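Asks: What follows is a structure written as C-alpha cells; I'll ask about it next.
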Amino acid sequence: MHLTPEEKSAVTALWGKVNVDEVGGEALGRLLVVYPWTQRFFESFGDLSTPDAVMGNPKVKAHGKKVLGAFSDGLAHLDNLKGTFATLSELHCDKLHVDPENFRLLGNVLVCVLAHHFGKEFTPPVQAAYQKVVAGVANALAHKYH
Amino acid sequence: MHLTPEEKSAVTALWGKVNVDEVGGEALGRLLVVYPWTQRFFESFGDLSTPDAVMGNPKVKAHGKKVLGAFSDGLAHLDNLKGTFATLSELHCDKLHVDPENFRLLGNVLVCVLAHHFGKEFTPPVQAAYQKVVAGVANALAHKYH
Amino acid sequence: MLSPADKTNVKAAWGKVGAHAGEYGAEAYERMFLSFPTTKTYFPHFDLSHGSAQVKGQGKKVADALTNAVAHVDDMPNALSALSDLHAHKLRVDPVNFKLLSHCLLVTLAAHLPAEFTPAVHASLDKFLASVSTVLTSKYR
Amino acid sequence: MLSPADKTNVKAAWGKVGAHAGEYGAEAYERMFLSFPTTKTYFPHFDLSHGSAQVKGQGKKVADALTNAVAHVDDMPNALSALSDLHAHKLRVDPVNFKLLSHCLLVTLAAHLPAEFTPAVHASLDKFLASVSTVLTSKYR
Ligand code: HEM
Ligand code: HEM
Ligand code: HEM
Ligand code: HEM
C-alpha cells in the first residue's frame, strides 16, 4: 500500500515500543468483551462469561499474541500486504469460516488499545497512519475469500 | 477490474437493452425517494416534496440522464475504471462535496431498478456481475478523495 | 419509525407475495450467496448448490417469520422475541450481513412484483426490513 | 438497550471528563477528519487546520449535547429532539459517519483517561454512543 514517508515513519517508530504479547492479549480480549458475538469462534477457550474472565483467560492471551505476531510481520512488508497474507487469507476462509467483518472490528479495537497505552503520543496524524494500515491488513486478509 | 469473460458478457448484453435516459431518471428519482437525505445536494431542483413530485421533476430526470450516460461510458472501460473516472472523482470531492457513500447507495438502487425493469432475466448470476460493476464504479469515483 | 402509510404499503406488497413467500425467501438467500460471498461463512454445514433442500427450508423459515412480523407490525419486538434471542446468543451473525439479505430480498421482490414495486412501496419495504434487522440484533449486547 | 450498569459506567466516565468535554469533542473531530477524509465533505465552509476555532466551536457544541444526553439517559429521544430534527431535515449527514465520529470519540477518551477506560467501560461507552447515534438519525425518513 501507498503510505507517505511521514506515515511509514510514524507507524514504525511507535511499533518499536509495543510489547506484542501484552497488546495482543488486550486487543483480542477487548474484541470479545465489546462485540460479544465474536465469541462464536472461541467456544473451546473456556470461561468468557464476564469481562474479568475474558481478560484473564490464558487461551485468549495466547491467541492474541499469535494474531498480533503475524500482524507484526506484516508491518515489515507494507508494500505487499496481499502477497504476505495470501496463505492466512485462504485459511481464514476455507478452514476457519471467519466473516472478514471481524478483521475490521479487531483493527478498530487495536487502535483504541494503542491510544489507551500511549496517551498523548498517539496524536491525530499517527492515528490516521494506523487506520490506513489496519484497513490495509483487513483488506489483504479478506482477499482470497470466495 | 477482474470480471470473468462470462460476467463481462452478461453485463454487456443486458446493458444493450437499457434506455439510458429512462433508467437514469428512475434511478436518481428513487435514490431521492428511498434515502431522502441525498436531497441535500439538489435544493435548486424545485419541488421534491412527495414521491410523485420527485419522480416527475424535469431537473431530476435531466441529472439522472447525465449521471447514467457517464456510467454507460465507463462500461466500455471496465479494465481501467480508475483512469476513466479520475477527473470526475476530483470534481465530486473538491467542488461538489459529495460523500462517496452516496455512490454506493445509487449503485444499490440502480440494481433494484434493473431487476424491476428486466424481471426474471435479471438472474442471480447477472445480479452478481452487476454488483461487482457498481462497487467498482463507486470505488473509482471515491479514489481521488483527500 | 414506520408511519401508517408504511404499514399499509408493506401489508399490500406482502399480501401479493402470498403463497410464494417461501420460494422468494430461498431466491434471496441464493442471490446473497452469489453477490456477497463472505455471507457463505455462516453456512459451512449446508449444501449451497442451486435448489438445495437446505436453502429451500431456510427460505421458508425466513418467509414465515417475515409474515409474522407483517401481521404484528405494531408489536414486532414481542412477536420476534424468540428469533432475536436465537440470533444474539446462538447464531451470532455480524449485524452487517442483515443489510445484505435485505438488499437481496428487495431485488427479489422487484424482479417478481413489476406492478406493485413503486418508488413509495420500495421506500416502505426498505424501512420495514431495516426495522426487522434492528429488532433481530437488539439483544446482541 | 442500556443496562443499569451501562448507565452507571457512562455517568462515571463522563463525570471525570468534566470541564474538558469541549476540548475532547474538538480532538475527536480532528481525529475524524485525518483518519476518514470523506467526512470533510460536510464542512467545506470551515477552516480545517489544527487549532481552528471553527473546529473548537463544533467540538464544544457536540460535547454539550452529549452532556445533556448523559444527564437524561432514560429520556434521550425527548432531550435530543431538536438535534434529531436538525440532522434529519437540514444537515442530512449520512448515517455511516456517526459510527466514524463515535470511534474517534472513543479513541480520544482512551488517550486521556487511561485509568477509567476499562474493558467494561469501553463496552458501555460504545453502546451509549450507538444509542445517541440511533436517536440522532431516527427521523431521517
Ligand atoms: C489481524 C488479523 C488476524 C491475523 C493476522 C490472524 C492470524 C492468525 C494466525 C497466525 C492463526 C494461527 C493458524 C494455525 O496454525 O492454526 C490464526 C488462527 C485463528 N484465527 Fe486469525 N488472525 C486475525 C484475526 C482474527 C479474527 C478477528 C478472528 C475471529 C474473530 C480470528 C479467528 C481465528 C481462529 C478461530 C483461529 C484458530 C484458533 C484455533 O486454533 O482454535 N482471527 N489467526
Ligand atoms: C455512478 C455515479 C455517478 C456518476 C457517474 C456521476 C457523474 C457526474 C457527471 C458526469 C456530472 C457532471 C460533470 C460536470 O458538470 O463537469 C456530475 C455532476 C454532479 N453530480 Fe455526480 N455522478 C454520480 C453520482 C452522484 C451522486 C450519487 C450524487 C449525489 C447524490 C452526485 C451529485 C452530483 C452533483 C450535485 C453534480 C453537479 C450538477 C450540476 O451542477 O447541475 N453525483 N456527476
Ligand atoms: C430478515 C432477516 C432474517 C430473518 C427474519 C431470519 C430468520 C431466521 C429463522 C426463522 C431461522 C430458523 C430458526 C429455527 O430453526 O428455529 C434462521 C436461522 C438461521 N439464520 Fe437467520 N434470519 C435473518 C437473517 C439472517 C442472516 C443475514 C444470516 C447470515 C448471513 C442468517 C443466518 C442464519 C443461520 C446460519 C441460521 C441457522 C441455519 C441452520 O443451521 O438451520 N440469518 N434465521
Ligand atoms: C454524537 C453525535 C453528534 C452530535 C451530538 C451532534 C450534535 C451537533 C450539534 C449540537 C450541532 C450544532 C447545532 C447548532 O448550530 O445549534 C451540530 C452541527 C453540525 N453537525 Fe452534528 N452531531 C453529531 C454528529 C455529526 C456528524 C457525524 C457529522 C458529519 C460528519 C455532523 C455534522 C454537523 C454539521 C455539518 C453541523 C453544522 C456545522 C455548522 O455550524 O456549519 N454531526 N451537530
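Numbering starts at 1 and runs along the chain as it is shown here.
According to its header, the structure was obtained by X-ray crystallography, 2.2 Å.
Positions of Cβ are set from backbone N, Cα and C atoms, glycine also.
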Asks: Among C:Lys40, C:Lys90, find the residue to which Swiss-Prot assigns the annotation glycation site.
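Replies: Record says C:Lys40.
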Asks: For the feature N6-acetyllysine in Swiss-Prot, which residue out of C:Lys16, C:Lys99 does the record point to?
Replies: C:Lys16
Asks: Out of C:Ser35, C:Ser81, which one does Swiss-Prot list as phosphoserine?
Replies: C:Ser35
Asks: For the candidates C:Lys7, C:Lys60, I need the one that Swiss-Prot annotates as glycation site.
Replies: C:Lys7
Asks: Across all chains shown, how many C-beta atoms besides its own are within 10 angstroms of the C-beta of C:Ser131 (phosphoserine)?
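Replies: By my count, 17.
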Asks: Using a 10 Å cut-off between Cα atoms, which of these recorded positions sit near C:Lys40 (glycation site): C:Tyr24, C:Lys61, C:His87, C:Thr108, C:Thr134?
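Replies: Those near C:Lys40 (glycation site) - Cα within 10 Å - do not exist; the answer is none.
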Asks: Give the sequence-ordered list of residues that share a chain with C:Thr137 (phosphothreonine), lie 6 or more positions from it, and have CB atoms under 8 Å from its CB.
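Replies: Sequence-distant Cβ neighbours: C:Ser84, C:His87, C:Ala88, C:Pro95, C:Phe98.
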Asks: Filter the recorded positions C:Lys7, C:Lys11, C:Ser35, C:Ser49, C:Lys61, C:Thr108 down to those with CB closer than 6 A to an atom of ligand 3; keep them in sequence order.
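Replies: Correct list: C:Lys61.
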Asks: Would you kindly determine which recorded positions in the set C:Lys7, C:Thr8, C:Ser35, C:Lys56, C:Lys61, C:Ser138 have their Cβ under 8 angstroms from any Cβ of chain D, listing them in sequence order or replying 'none'?
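Replies: The answer, in sequence order, is C:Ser138.
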Asks: Have a look around C:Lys40 (glycation site) and count the other CB atoms within 10 A of its CB, chains all included.
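Replies: A count of 18.
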